[PDB]
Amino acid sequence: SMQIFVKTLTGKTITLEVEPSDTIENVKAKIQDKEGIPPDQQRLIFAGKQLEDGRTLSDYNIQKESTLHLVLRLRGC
């Protein structure tokens, strides 16, 4: 039970309800359920480092009200 934000490069803010034990893949999967964005296109950055899918929020000290930066591998022609 925690509230954390996820900020895109355009300034859009998404609020997520997570647990400190949840993994980064759970965060990506939560982003997909709220903004419809496929997790394969998602990259999460905290404290200047890209988060690995296998680690948890407690490992990166992602405290309540921390802001995650979402960078997307864009589809283009």
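So that there is no doubt, residue numbering starts at 1 and follows the sequence shown.
- As recorded in the PDB entry, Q63 shows the highest C-alpha B-factor of the residues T23, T67, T10, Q63.
- For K49, the recorded CA B-factor ranks within the lowest third of the chain. Only modelled residues enter the ranking.
- Among the modelled residues of its chain, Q32 has a C-alpha B-factor that falls in the highest third according to the deposited record.
- Ranked by C-alpha B-factor against the other modelled residues of its chain, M2 falls in the highest third.
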